[PDB]
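An experimental structure, sequence included, is below.
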4 protein chains.
Amino acid sequence: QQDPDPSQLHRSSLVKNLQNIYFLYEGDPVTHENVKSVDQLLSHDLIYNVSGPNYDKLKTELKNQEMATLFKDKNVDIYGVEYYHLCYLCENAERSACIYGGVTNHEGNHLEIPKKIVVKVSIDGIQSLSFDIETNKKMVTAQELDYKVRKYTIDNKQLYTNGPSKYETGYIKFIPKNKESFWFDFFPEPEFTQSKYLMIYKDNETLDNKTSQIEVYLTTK
Amino acid sequence: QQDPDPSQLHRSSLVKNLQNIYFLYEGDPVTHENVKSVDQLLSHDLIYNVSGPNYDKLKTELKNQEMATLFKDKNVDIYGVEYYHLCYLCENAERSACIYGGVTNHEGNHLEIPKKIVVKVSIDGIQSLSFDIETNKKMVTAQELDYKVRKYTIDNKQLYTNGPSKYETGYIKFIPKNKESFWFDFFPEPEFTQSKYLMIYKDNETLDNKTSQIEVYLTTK
Amino acid sequence: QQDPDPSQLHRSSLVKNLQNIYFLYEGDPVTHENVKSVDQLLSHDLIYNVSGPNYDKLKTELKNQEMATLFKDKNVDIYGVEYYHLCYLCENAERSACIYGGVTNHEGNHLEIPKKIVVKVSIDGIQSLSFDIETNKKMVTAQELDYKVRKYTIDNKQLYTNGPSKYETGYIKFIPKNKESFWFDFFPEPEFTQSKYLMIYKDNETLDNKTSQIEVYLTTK
Amino acid sequence: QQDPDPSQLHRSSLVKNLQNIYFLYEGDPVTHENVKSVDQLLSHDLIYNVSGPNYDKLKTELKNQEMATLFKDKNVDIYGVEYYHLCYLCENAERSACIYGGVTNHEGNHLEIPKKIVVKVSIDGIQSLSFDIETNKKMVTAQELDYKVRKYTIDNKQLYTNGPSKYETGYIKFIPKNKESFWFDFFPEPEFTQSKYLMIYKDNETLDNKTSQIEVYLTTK
């Protein structure tokens, strides 16, 4: 996946119920340390018995059978963006919370002191500023990072709000030490659902933090 | 509807996922003043464009057509218990909240100072206590009252909890000045959904507060 | 319940997607002889392991907890109207078919030769005609009957069509030997779903057939 | 996409409710010619106003936004496999039917005399047989082809049944004149739904028939 073309980005002025992206990155993500799965719905997911402000049962669809059937009996660390509309867990379950990926092993992958990662932000060409985000992992999911990133740029520069977004075309770029960089679009198609936009966090993409760099390119229209 | 017979009561011990009753009465009720309806799904429900911590659209299924098309264009006051699991609003809507009844006209029915209604609580036959609850309406909905009554006894004497109840069989009774008393069971059938147990709040039963009394009958087991 | 008032009747010209009532009575109802339930979802329904053109699992919402847990272990006969849209049976089942009531004991209640029951149909006051329907039960469900009744009047005098109805206001009336006659409006509220209009078959109402009569009141407008 | 490794194939013996695959290819596909779209739920789908034995509304999710907003106003031919369970179209419509892909232009692309396509089938290494399938299109969808190809083998050699299959691992392969051949696994992961398995028909893949070949590889066990 190579650098995006200016016509391939979705534009924030065509999205209708745009806000539905706000709450996602404004609210509190899901965080669980050293926990083990206990049952699964389909071959490619895993269910956990954990709680939060609006749930006591969680689900995370993974990339495929081979992956799910890998973390099935291991201890892992969860960190993910959740949705409540359109989420199934079990016939007998009200109060559910779905998510995509966000799964990392627990032992060894934890660090003593927080690694400092730097984000560079460009707007209309000009590189305008810099800020930091942390993490207690040697191998974090692009999900944990992308989130933390936006959170900041939403409560300060204002990436999303309960209404029209200030910018128009935005996307985050990951730059791994070994190879091939990738990106995510900051805005969805005209009409959409949450459950669908978040599928990007399906591949449970993980990467070393000690050697990865991030870039953000926004457009003021 | 005459006084219930001791076998006709649902027994707390039998219910399985009982907690789900707890949240309904330990959380914050939906409250809106002087608001009007803006669209309706089926012939007997009205939909409001209001907001809260977990929504931005609301639905209240009333008793029947004739009723709904009566409050279809009036300004009213909403006071009610909501459920998120299995709630339908519009094809394009995430973040909804549904309820039953809880509708009263807005003009006049309001009061300067809060009427004081007294509740007599029995337990294993002996009337051990009494407490108070308020209201700013001349014609309140037995729902507004039912709620307020439980929230208390739950936070203090412990009616419901994040698990098994302390008591076994409980119900509330209303005594209207004009005639015919009625009651609600405090526990649902063994296996149930939220949206089904609440239907007792479908008849949008209203009544004068200046002359109505309340009684609670619990059995310790 | 006494003879209805000409203003409480739903008027077929107001229903928007009326057709949907057509397929319910113009389709092959469900019919299964001597069978036993095998699992249950909620405390007031029963599930059966039977087959048909569009299903291989069935459910039947009954009146209350007390009624369901009565046919839980008995051999019974099911004759009823089904709906596919909006129907849950188990987390793992596609191809489902739901219904309301239509449950009767099997042993004894069966007859050697079919009883002949006559129906009398009015039309704008005048008693226009008569026709027949059969049954192999001593105690049938008004559902079994109400169905048989309409299916005829729809294929011949066209009660419902893939479209607007020829008549405007009709309802069937039951006259049981002992006491209280009861009726069903032939048309639903303006806007509706199927699972809700069918709820009148929930009281699994049954009666002797050796002494029961029927009447039909329609209005050409 | 190169030839599959005998370990990446799903084994029917591990599948639980496999029958559901059966009905999909043993049932009547959806067929409509020279039609136009009429509204769209999301940004990557299209809705048509057509009718069949179990529906009067149909949907077909496409690859992405740029494809849908391309067949939005053209005259197209739909050929596809449909799923009922879990299918959303509009808040007011029961009787739906969903699909993925299966869309082709209508003018010109039609042939006077049906093109004969030969399929070669292998079984445990040995090329045991060959047969025929027809099509009235210059540019056909791999879906229309894959379907026809199975139905046969199913009603004859018995690919799927209302139960365990006879075979263990199967997959069809397409060999276009220009380049890159591809394949589909005849079987789903152990636990799945219909709507997910069928997503292979999303990329609405299309190829010329005057120059395409097919091959099937099965493994008795």
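Here it is on my side, so go on. Numbers count the residues shown, from 1 in each chain, chains lettered A, B, ... in the order given.

Could you find the closest non-adjacent residue to the residue sitting furthest away from the middle of chain A?
Distance from the C-alpha centroid of chain A, by C-alpha atoms, centre = their mean, peaks at residue A:92 (28.4 Å). Closest residue to residue A:92 apart from its sequence neighbours, by C-beta to C-beta, 6 or more residues apart in numbering or on different chains: residue B:17 at 6.5 Å. C-beta here means a position set from N, CA and C on the backbone, and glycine is covered the same way.

does the one you found sit in a helix, a strand or a coil?
On the three-state scheme (DSSP: H, G, I helix; E, B strand; the rest coil), residue B:17 is labelled coil.

list the helices and strands the longest helix seen in chain A packs on?
Secondary structure assigned by DSSP state H gives helix A:142-155 as the longest helix of chain A. For helix A:142-155, the helices and strands in contact under the criterion 3 or more C-beta pairs under 8 Å, 6 or more residues apart in numbering or on different chains; DSSP states H and E are helix A:22-26, strand A:76-80, strand A:117-123, strand A:126-133, strand A:169-176, strand A:182-185, strand A:212-219.

can you list contacts of it?
A:22, A:25-26, A:29, A:79-81, A:100-102, A:117, A:119, A:121, A:131, A:133-135, A:137, A:159-161, A:172, A:174, A:182, A:184, A:186, A:201, A:205-207, A:214, A:216 (C-beta atoms under 8 Å, 6 or more residues apart in numbering or on different chains).

Outline the domain layout of chain A.
By the assignment in curated CATH domains, chain A contains the domains A:1-26+A:109-220, A:27-106.

Phi, psi for residue A:71 please.
Phi and psi for residue A:71, reported as degrees, to the nearest 10, are phi -90, psi 0.

show me the contacts for the spatially closest residue to it that is not a sequence neighbour.
Nearest in space to residue A:71, with sequence neighbours left out and distances taken as C-beta to C-beta, 6+ apart, is residue A:103 at 5.7 Å. Taking C-beta under 8 Å, 6+ apart, we find residue A:103 in contact with A:46, A:60, A:62, A:71, A:76, A:77, A:78, A:141, A:204.

and what of residue A:3?
Contacts for residue A:3 were tallied using C-beta under 8 Å, 6+ apart; they are A:173, A:183.

That one in helix, strand or coil?
coil.

where's it relative to residue A:211, distance?
20 Å (C-beta to C-beta, to the nearest Å).

got it, and residue A:87?
Residue A:87 is 36 Å from residue A:211, by C-beta to C-beta.

Of these two, give the one with the bigger neighbour count.
Remark: of residue A:87 and residue A:211, residue A:87 carries more neighbours, 18 against 10, as counted by other C-beta atoms under 10 Å in any protein chain shown.

what about the more buried one, which SS state?
Under three-state DSSP, residue A:87 comes out as coil.

Ignoring the adjacent residues along the chain, who's closest to it?
Residue A:87's closest residue in space is residue A:98 (C-beta to C-beta, 6+ apart), at 3.9 Å.

Show the subsequent helix or strand relative to the helix or strand where the one you found lies.
Residue A:98 is located in strand A:97-100, with elements delineated by DSSP states H and E. Next in sequence after strand A:97-100, counting helices and strands by DSSP H and E, comes strand A:103-105.

tell me the secondary structure for the closest residue to chain C within chain A?
Of all residues in chain A, residue A:91 sits closest to chain C, at 4.3 Å by C-beta to the nearest C-beta. What three-state DSSP gives for residue A:91 is coil.

Quick one: distance of stretch A:26-44 to the chain centre.
Remark: stretch A:26-44 is offset 14 Å from the chain centroid, using C-alpha atoms, centre = their mean, to the nearest Å.

Excluding chain neighbours, what is closest to the most centrally placed residue in chain A?
Nearest residue to the geometric centre of chain A (C-alpha atoms, centre = their mean): residue A:143, 3.1 Å. Closest residue in space to residue A:143, ignoring its immediate chain neighbours: residue A:201 at 4.6 Å, by C-beta to C-beta, 6+ apart.

How about the residues of chain A by chain D?
Residues of chain A lying close to chain D by C-beta under 8 Å from any C-beta of the partner chain are A:40, A:41, A:42, A:43, A:44, A:65, A:189, A:190, A:191, A:192, A:193, A:196.

Could you report the neighbour count for the second one?
Read it as residue A:41. When neighbours are counted by other C-beta under 10 Å, residue A:41 registers 17.

Enumerate every residue touching it.
Here residue A:41 is in contact with A:47, A:59, A:88, A:89, A:90, C:91, D:191 (criterion: C-beta under 8 Å, 6+ apart).

Can you select the buried ones from the contacts of residue A:103 in ChimeraX?
In ChimeraX syntax, the buried subset of the contacts of residue A:103 is picked out as below (16 or more other C-beta atoms under 10 Å in any protein chain shown):
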select /A:46,60,62,71,76,77,78,141,204
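
Okay, and the residue nearest to residue A:69 when sequence neighbours are not counted sits in which element?
Leaving aside its chain neighbours, residue A:69 sits nearest to residue A:43 (7.5 Å; criterion: C-beta to C-beta, 6+ apart). Following DSSP H and E, there is no helix or strand that holds residue A:43.

Quick check: residue A:43 vs residue D:51, distance?
Counting by C-beta to C-beta - residue A:43 and residue D:51 are separated by 35 Å.

What is the neighbour count of residue A:72?
Residue A:72: 12 neighbours (other C-beta under 10 Å).

repeat for residue A:70
13.

With residue A:8 instead?
Count around residue A:8 with other C-beta under 10 Å applied: 10.

again, but for residue A:116
10.

for residue A:157, same thing?
Using other C-beta under 10 Å, residue A:157 has 16 other residues around it.
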